[PDB]
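We did not get these values from a lab; they are worked out from the coordinates using the rules stated. Here Cβ is always computed from backbone atoms with ideal geometry, including for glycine, and neighbour counts include all displayed protein chains.
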Amino acid sequence: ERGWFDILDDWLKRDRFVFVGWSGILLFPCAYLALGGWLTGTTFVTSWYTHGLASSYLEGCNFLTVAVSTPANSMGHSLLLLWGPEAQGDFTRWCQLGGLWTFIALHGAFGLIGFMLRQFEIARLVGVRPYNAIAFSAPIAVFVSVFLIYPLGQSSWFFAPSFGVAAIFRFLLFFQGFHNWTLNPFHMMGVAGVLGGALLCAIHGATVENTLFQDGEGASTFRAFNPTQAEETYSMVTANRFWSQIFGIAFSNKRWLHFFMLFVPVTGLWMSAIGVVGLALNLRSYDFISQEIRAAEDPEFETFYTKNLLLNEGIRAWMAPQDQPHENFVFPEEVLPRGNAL
Amino acid sequence: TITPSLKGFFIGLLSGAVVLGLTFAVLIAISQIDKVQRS
Amino acid sequence: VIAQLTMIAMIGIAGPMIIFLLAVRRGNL
Amino acid sequence: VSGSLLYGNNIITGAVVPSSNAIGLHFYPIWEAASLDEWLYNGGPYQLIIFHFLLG
Amino acid sequence: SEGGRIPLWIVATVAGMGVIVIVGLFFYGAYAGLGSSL
Amino acid sequence: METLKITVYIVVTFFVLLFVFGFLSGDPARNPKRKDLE
Amino acid sequence: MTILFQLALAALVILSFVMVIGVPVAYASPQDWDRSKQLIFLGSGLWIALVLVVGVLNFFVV
Amino acid sequence: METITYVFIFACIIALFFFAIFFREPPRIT
Amino acid sequence: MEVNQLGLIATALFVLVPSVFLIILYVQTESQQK
Amino acid sequence: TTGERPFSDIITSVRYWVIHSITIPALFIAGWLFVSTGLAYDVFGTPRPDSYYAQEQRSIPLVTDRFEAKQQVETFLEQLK
Amino acid sequence: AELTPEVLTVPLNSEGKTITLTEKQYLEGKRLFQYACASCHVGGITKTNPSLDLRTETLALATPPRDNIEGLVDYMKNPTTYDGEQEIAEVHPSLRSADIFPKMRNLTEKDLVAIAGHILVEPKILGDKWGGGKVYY
Amino acid sequence: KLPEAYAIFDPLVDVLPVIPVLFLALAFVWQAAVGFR
Amino acid sequence: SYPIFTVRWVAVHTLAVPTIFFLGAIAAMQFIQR
Amino acid sequence: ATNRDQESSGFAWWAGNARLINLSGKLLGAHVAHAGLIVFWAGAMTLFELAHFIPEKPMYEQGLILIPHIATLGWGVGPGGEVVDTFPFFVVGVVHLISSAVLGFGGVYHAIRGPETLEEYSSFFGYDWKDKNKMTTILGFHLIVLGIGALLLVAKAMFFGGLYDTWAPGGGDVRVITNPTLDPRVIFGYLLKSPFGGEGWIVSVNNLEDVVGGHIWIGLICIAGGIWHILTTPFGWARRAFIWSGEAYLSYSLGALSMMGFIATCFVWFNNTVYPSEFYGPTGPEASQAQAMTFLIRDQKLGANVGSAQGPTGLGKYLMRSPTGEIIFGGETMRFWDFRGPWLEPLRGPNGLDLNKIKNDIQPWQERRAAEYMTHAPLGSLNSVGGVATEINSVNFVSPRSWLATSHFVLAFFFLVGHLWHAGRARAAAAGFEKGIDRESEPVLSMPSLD
Ligand code: CLA
Ligand code: CLA
Ligand code: CLA
Ligand code: CLA
Ligand code: CLA
Ligand code: CLA
Ligand SMILES: CC1=C(/C=C/C(C)=C/C=C/C(C)=C/C=C/C=C(C)/C=C/C=C(C)/C=C/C2=C(C)CCCC2(C)C)C(C)(C)CCC1
Ligand SMILES: CC1=C(/C=C/C(C)=C/C=C/C(C)=C\C=C\C=C(C)\C=C\C=C(C)\C=C\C2=C(C)CCCC2(C)C)C(C)(C)CCC1
Ligand SMILES: CC1=C(/C=C/C(C)=C/C=C\C(C)=C\C=C\C=C(C)\C=C\C=C(C)\C=C\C2=C(C)CCCC2(C)C)C(C)(C)CCC1
Ligand SMILES: CC1=C(/C=C/C(C)=C/C=C\C(C)=C\C=C\C=C(C)\C=C\C=C(C)\C=C\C2=C(C)CCCC2(C)C)C(C)(C)CCC1
Ligand SMILES: [Ca+2]
Ligand SMILES: [Cl-]
Ligand SMILES: [Cl-]
Ligand SMILES: [Mg+2]
């Protein structure tokens, strides 16, 4: 066997500066287009016709406020292909209709797939276990649930996050006001996994860095390590005693420690993805029923929960008309919920 | 009948086949010019 | 405005000039 | 504002409520109150807990 | 042609100053014309 | 409530004094290596 | 006195610039240190002098 | 009853901390 | 409060069943030969 | 090392800078002109500052139909007189 | 939409006479307004007294009328309450009180005309936003 | 404003406060020159 | 001694060329007045 | 080149200044050059502000922090804090800028030309970090120096024109302080005041007599301590309590400056005496209270009885009691009832705000002041859009109080971090394991198991 496939394989798997692989055929064009589309849009492309927003450097926006914004609500879930029935091959009109959004989301998705396949392929060639790709399943679960499943459960892509700093923030505040997303235990598990992952990252780095063996004369300790050396660079034993006496428990097993370091953030993101999947259907943790029944009958009953619902109600009424222009919301001064003075 | 959107579909199909085609042609060509040394 | 970019041009170049001249003359860098 | 479980909160809604805006930055240890009932009304537990916490 | 003719610390210094100038220009643009709020 | 106040004050002063005299108590000497740091 | 002032001050600026590049270069250069030490002394005394000149002339121009 | 449950769960967790700390399986150098 | 009246059984079984599974497994682990 | 020319060799070479002191500014100037001539607005369909609204108009030109969206946008641009 | 000669055309007086401001006068007007007035009147409302705004209709029903260049210029020299009954130069910026509102000291008549013109032009651009307050932000 | 006599130096004066940051940047230029040894 | 046009070269320029073009675009954008 | 690479020094480039720990000549160069940087900034920033300064605008509308400091000393300002002469600012700026040339000269000389070490050169200027006596001696010198500084402030206050006093009877003005408070009961009484609301520790100092008397005390204390330290060497308990190395002293100073930073943050935030609101703008409290004053005034003008006016909550819409009964502005501004300011106090009676004074005695200058401060509340965006976060672009404003408080919080915090870093390192280095654990002598391996 030495046909064209295997020769192609040979070239594809050549050890070069930027590895290519079979996965590269998916990854590189898709990633390049996703990123390029984002830069192109943020630099030059408007959201006037889709959102009634400026979103580009061209219009006077800065890096924080620039975005490639989602299509108009009236587009529904159109793939919005350049050649589709909306744009009909006209690139300018396609851009004006938000074609770049779906462009970025979909090339993005296939790009993530490509990246993970890349992780598998390289793991296979180098002969390591494929836990990096497995851990990468969490970012994918987030991207897919949030940028794809969610709007697919809503009226249109319009309500997906737009690709922009400030736009993403809007997405956060919308989820608060409308979904009370903080109250959602899947988001809470997300929080635990992210903050816990950061905690582990910091604590592990610091523990290693503060239990190093003196392996050089240099007061700067980085050179006193050799990649190929057999010995552990830091004392597991001293670290374990330290935390045991400080905190009460400690890792004693390095393999467990590091698996746990994989587990925590990956599982967190996964839980959060599940919650957002719920939000696609508006299947929220919005209320505690016992709370509403009590507060409804008893006007002296107040919790931080009821206070947060007031905040949510404000968010909805004040932001909805401009945030959802396709609805033709007109909220008279007199209907806007406001406390005293403000 | 071929509606404008079916024509669009075909245009897309062709564009994809072309992109992938030129890609595989080019990669195979390059793999053939720059063979790995064995033995 | 032209004057300001000229001032910061001389002030701005000064440091690297010190370094460049010392490097050329094999100075005590 | 009710913060405690027995007064109608669950784990997610429950809180120790911050001390009164009437106090501001005034130091409000238990002994500045005329009674525990007053201390509780104005949110003394908040100041006691967080100050001990930060020290700790 | 020959590698080493132009010292790397100068390339770095020049490139760096270039980035500072361009970014600086972007910040000037934050206060003037579109996006300046005026 | 005055008795509570005096109690707490005494307690606090007590623990603080333990802290201060404690660290004053040849703390640099309390390590597994070089003790002569005076 | 404005001519004396405005040029004494321009000269103060120019000389300042010259010292700013020249002094460290002198300090760290191996050769011509004998000539450098005297040029730095001269530049320094002249700098001090220009500061004082500008300072005095200030009150007859403001 | 809700409250009983919550406080109960919490108490179980503190007890768990206690066992997890003082009655852990000891780490051994082999 | 007008809580879900099954919240009690739900929570209780949610804690107890896996807790029990784990305790079963631990205990049968300790009694294996050293 | 993977066989490619080291980056530091390249970017410290005379020939690289002979090429790129031409190519880089040329690209920069090309982008500049892409905007300053106004071509960018036309390519991308971005409103100029004088083309967001008709003189007396205060309504956003929101696209409200999926399939006549193209026509909708054209009508909106036409209404800028 | 553009800042046309027509937009910059606002009432000079109560007798039907208009004045056409230059783009440079309008810009000067914005700058000077920000400098001297906006600390309280940002966006056309009034922070130390929100009952009174800078809406054109509101200026029209003040006494004497303030919906014209002359009215506003006179106000900036000798401000009154909304009914004309008391002179409030002592608590409101004016040329008359430049001693106590030092920002009014370098304001020239031209500056007053320009500021006035900003006050009349802005609602023609911004609509309900001018004097709308936060509801319309 | 500066006294009228000094008005010609406004642009220079406009730039001066930032020079200290330039000393920090200079330290890196210098270190670049000795190869961060 | 070294090849010039490699996969790495191509990759680098696919990012760098548009990058300089866009930055030039945006620079021009800083002088745009309404 | 001695000790200017990692192999010889043991320190990488990014820890480069540690190569200077034991090079007292070069280290002196570093220090003097750095002092040059500080004086340079004082001068250039002052000239910038002045060139940028419009005398008929309030200073705080122009982003000034240094001119406010010069002005606080009584230079260039008159009644109400009005600018009468900008020339003193010019002098301060210029003299700093010139001095900076000198410091930079000495610094650069010491850094690259001067003696790498001073010990063979001079026994007086040379030093060993572990030489405790030489250290307390140098410390003593710097203490006498600081004391002289404080007395320079006293001199400015008593004999060379005085200080700006926002509290001056009949209105703020530069005033000579003829009777500074010398009573140790009052002066150290400040040091024993609570740091919580209504006490505010040293930040509560509300009259220049106390400030000047305090600095007399501090000057004499610092000079006495300096002499003390030149004439003494550290006692046994101090020898046994501390680490004696350069990095350790560094850590101590970092800690102290951190502490001082936080103190300055609160000082510029709350105090309107040594940070007069005329120059720096209103405090947050000042402004909240100013809103309340403004609308109380407005509505009373409209015919409201502000004493008996019940708000929606049951609390007085304009006026209510503090938790100790004082009459205070009501609504949220209730938190700020500890605020004190020259524009509000005339309305103050024995029991707090006096209803009859409110009804009858409010002067137009108070309404004006309240409006100004209300609308120059210390709120604004990072790009300096004044007002609440939801306010529209229009006003180019961030209060100097915010710039100075925030800057010093960030700095004080990182200096606390630096304190921890360097104190812990001084400990590890003194004990001899700052580079890591001895593999053949791992301390924990000789310890009994925990369980
Ligand atoms: C004490 C610190 C301090 C303070 C309070 C101010 C205050 C002010 N300055 Mg001044 N300034 C300072 C230092 C300071 N400056 C210095 C050192 C310089 C020399 C470069 C200048 C130069 C300067 C100029 C040239 C001007 C001002 C002006 C102003 C005002 C506007 C500031 C601005 O818009 O923010 C913009 C905010 C930023 C640029 C963000 C800063 C964020 C930094 C990078 C974060 C720092 C973090 C920490 C220290 C780093 C540690 C890292 C960690 C890993 C260890 C404002 C009143 C302006 C003015 O209004 O004059 C009338 C004006 O034009 N300043
Ligand atoms: C205020 C900031 C500061 C200061 C005062 C110093 C001080 C100093 N550094 Mg340094 N350093 C700094 C920041 C600073 N560092 C930073 C941020 C870094 C990390 C990037 C380092 C990294 C570093 C390293 C790695 C090393 C030092 C060392 C030294 C010292 C020797 C310098 C040398 O030999 O010159 C050689 C350079 C030249 C001859 C070029 C010219 C330099 C001059 C001083 C510039 C003067 C310019 C000025 C505008 C002229 C005005 C003159 C006018 C008044 C007449 C010197 C004392 C070295 C040391 O410890 O020696 C034992 C050492 O190896 N530093
Ligand atoms: C704390 C700052 C400091 C320190 C400790 C030193 C230390 C030393 N310097 Mg100096 N130096 C400094 C700053 C400092 N320098 C500055 C800023 C400059 C620029 C002008 C110089 C320029 C300098 C030179 C050119 C030389 C030295 C050298 C000397 C050494 C001997 C000096 C002598 O014998 O004095 C004996 C005492 C006198 C001559 C009388 C001193 C009169 C003073 C100035 C009166 C005013 C004091 C006043 C309180 C200062 C307040 C300033 C404040 C506002 C900042 C000595 C190691 C020499 C050296 O190292 O030889 C190889 C050497 O030749 N230095
Ligand atoms: C106890 C020390 C102390 C204190 C509390 C003050 C307080 C005050 N001074 Mg300062 N001042 C001091 C020392 C002090 N000064 C000294 C030594 C000098 C000479 C260098 C000056 C020079 C000075 C001037 C020139 C001016 C002031 C002004 C001010 C006021 C506004 C500035 C400010 O916010 O500083 C806040 C102060 C600090 C952050 C220092 C806190 C000190 C703590 C309490 C002690 C720390 C000690 C240390 C850690 C312990 C040593 C260790 C030992 C136990 C072994 C302010 C009221 C201004 C003013 O009054 O305008 C009218 C003004 O312009 N001062
Ligand atoms: C920067 C200024 C400075 C510095 C670095 C030092 C540093 C030194 N001094 Mg001090 N000293 C100073 C100023 C300074 N002094 C001044 C101005 C005076 C005159 C008042 C003195 C008088 C002095 C004496 C009389 C003595 C020292 C001693 C010492 C040494 C050890 C002191 C130590 O353990 O403090 C740690 C402080 C304590 C152990 C005191 C108790 C700690 C309490 C609990 C802390 C409370 C403060 C807290 C943070 C809150 C502040 C507010 C509070 C007032 C309510 C040490 C070398 C001793 C020495 O050995 O002499 C050679 C010694 O006996 N010094
Ligand atoms: C007086 C204050 C002071 C002093 C004298 C020192 C001095 C010393 N420290 Mg440092 N340190 C300080 C404060 C201070 N520290 C603080 C506040 C922190 C907390 C962040 C640290 C944290 C620190 C660490 C973590 C370490 C040191 C180390 C060292 C030593 C070598 C410093 C070096 O060469 O850096 C070279 C300088 C650089 C590489 C530049 C740093 C760049 C900074 C972080 C960004 C500046 C941001 C700027 C303000 C705003 C943006 C401007 C823009 C142009 C970027 C030296 C003994 C080392 C050591 O432990 O020595 C034994 C060491 O590793 N220090
Ligand atoms: C050691 C070193 C370091 C640092 C450096 C330094 C820190 C030094 C310094 C200091 C300095 C700081 C120096 C200098 C400058 C100064 C001068 C040079 C002065 C002059 C001035 C003038 C000229 C005046 C004029 C004026 C008049 C008087 C009026 C008004 C206007 C004007 C402004 C014009 C580094 C990092 C590099 C590294 C290496 C080593
Ligand atoms: C006052 C007076 C004076 C002044 C003097 C002075 C003092 C100056 C100084 C100077 C300075 C002091 C400067 C410095 C410099 C340079 C720069 C412009 C900066 C930078 C950076 C860079 C660009 C970097 C880059 C790179 C590195 C190299 C490595 C790594 C990587 C990176 C990227 C970072 C005069 C004469 C004017 C007269 C008037 C007034
Ligand atoms: C979509 C489109 C597509 C594709 C296109 C593309 C793909 C392009 C690319 C291009 C790209 C690819 C872009 C460029 C770039 C970048 C820029 C736009 C600029 C920049 C940066 C920067 C400005 C820097 C700054 C900062 C940071 C970031 C870093 C460091 C620090 C600093 C401050 C420096 C096609 C045609 C097929 C069809 C459809 C349409
Ligand atoms: C001018 C002023 C005045 C006065 C001032 C005063 C006179 C103050 C003072 C003096 C002083 C009196 C200050 C302070 C304190 C000190 C310190 C800061 C210390 C610390 C402590 C520590 C740090 C120690 C450490 C440790 C211990 C604890 C234990 C053992 C170990 C050791 C030793 C390490 C007044 C306020 C009226 C007003 C305003 C202005
Ligand atoms: Ca125009
Ligand atoms: Cl209205
Ligand atoms: Cl309020
Ligand atoms: Mg612009």
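General remarks:
- Selection of segment K:88-110 for residues being part of a helix (DSSP H, G or I) and surrounded by fewer than 20 Cβ atoms within 10 Å (Cβ to Cβ) yields K:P102, K:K103, K:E109, K:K110.
- Annotation note: Cβ proximity below 7 Å between a residue of segment A:200-229 that is more than 7 Å from every other protein chain (Cβ to nearest Cβ) and outside any loop (DSSP other than H, G, I, E, B) and a residue that is β-branched (V, I, T) and surrounded by 13 or more Cβ atoms within 10 Å (Cβ to Cβ) (sequence gap 6+ or interchain) occurs for A:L200/A:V264.
- Any hit, segment A:330-337, residues being touching a residue at least 24 places away in the same chain (Cβ under 8 Å), of a type outside the set (K, R) and either part of a helix (DSSP H, G or I) or more than 14 Å from chain D (Cβ to nearest Cβ) (or both): yes
- Count of residues meeting criterion [surrounded by 18 or more Cβ atoms within 10 Å (Cβ to Cβ) and assigned to a loop (DSSP other than H, G, I, E, B)] in segment K:72-87: 1
- Long-range neighbours under 8 Å by Cβ, at least six apart or interchain, first residue within 14 Å of chain L (Cβ to nearest Cβ) and more than 21 Å from G:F17 (Cβ to Cβ) within segment G:41-62, second surrounded by fewer than 16 Cβ atoms within 10 Å (Cβ to Cβ) and aromatic (F, W, Y): G:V62/N:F87
- The residue of segment K:47-61 that is farthest from K:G132 (Cα to Cα), among those that are under 11 Å from the mean Cα position of the chain (by Cα) and in a helix (DSSP H, G or I), is K:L59.
- When segment N:17-27 is filtered for residues that are surrounded by fewer than 17 Cβ atoms within 10 Å (Cβ to Cβ) and within 11 Å of chain L (Cβ to nearest Cβ), only N:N17 remains.
- Residue satisfying condition, being more than 16 Å from ligand 9 (Cβ to nearest atom), under 20 Å from N:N272 (Cα atoms), touching a residue at least 24 places away in the same chain (Cβ under 8 Å) and touching a helix residue (DSSP H, G or I) at 6+ places or on another chain (Cβ under 8 Å), within set N:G162, N:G219: N:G162
- Only one of A:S56, A:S78, A:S69, A:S74 that is under 21 Å from the mean Cα position of the chain (by Cα) and of a type in the set (G, A, S): A:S69
- Subset of segment N:61-100 (residues that are facing another protein chain (nearest Cβ under 10 Å), in contact (Cβ under 8 Å) with a residue 60 or more places away in the chain and either at positive phi or of a type in the set (A, V, I, L, M, F, W, C) (or both)): N:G80
- Residues that are surrounded by 12 or more Cβ atoms within 10 Å (Cβ to Cβ) and assigned to a helix (DSSP H, G or I), drawn from segment J:8-18: J:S8, J:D9, J:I10, J:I11, J:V14, J:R15, J:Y16, J:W17
- The set of residues in segment N:344-362 that are in contact (Cβ under 8 Å) with a residue 12 or more places away in the chain and surrounded by fewer than 12 Cβ atoms within 10 Å (Cβ to Cβ) comprises N:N351, N:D361.
- So A:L64, is it touching a residue at least 40 places away in the same chain (Cβ under 8 Å), outside any helix (DSSP H, G or I) and farther than 30 Å from B:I2 by Cα: yes
Table: residues versus (1) among the hydroxyl-bearing types (S, T, Y); (2) surrounded by 18 or more Cβ atoms within 10 Å (Cβ to Cβ).
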site	(1), (2)
D:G14	no, yes
D:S19	yes, yes
D:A22	no, yes
D:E32	no, no
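- Evaluation of A:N62 against (1) within 14 Å of chain E (Cβ to nearest Cβ); (2) closer than 30 Å to J:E74 by Cβ (one fails), failing number: (2)
- Within segment A:30-49, the residues that satisfy the criterion of being touching a residue at least 60 places away in the same chain (Cβ under 8 Å) and within 9 Å of ligand 9 (Cβ to nearest atom) are A:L33, A:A34, A:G37, A:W38, A:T40, A:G41, A:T42.
- Exactly one residue among N:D173, N:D183 is among the charged types (D, E, K, R), surrounded by fewer than 19 Cβ atoms within 10 Å (Cβ to Cβ) and either more than 22 Å from the chain's Cα centre (by Cα) or on the phi > 0 side of the Ramachandran plot (or both), and that residue is N:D183.
- Taking the numbered list (1) over 19 Å from the mean Cα position of the chain (by Cα); (2) over 22 Å from N:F279 (Cα atoms) in turn, N:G219 passes all entries but (1).
- If you go through segment N:1-42 and keep only what is part of a loop (DSSP other than H, G, I, E, B), among the aliphatic types (A, V, I, L, M) and either away from ligand 6 (no atom under 11 Å from the Cβ) or in contact (Cβ under 8 Å) with a residue 24 or more places away in the chain (or both), you end up with N:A1, N:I21, N:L23.
- Those helices (runs of 4 or more DSSP H) lying entirely in segment N:61-180 with at least 2 residues within 16 Å of ligand 5 (Cβ to nearest atom) and not polar (S, T, N, Q): N:132-159
- Those residues of chain I which are part of a helix (DSSP H, G or I) and in contact with a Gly (Cβ under 7 Å, 6 or more places away or on another chain), in sequence order: none
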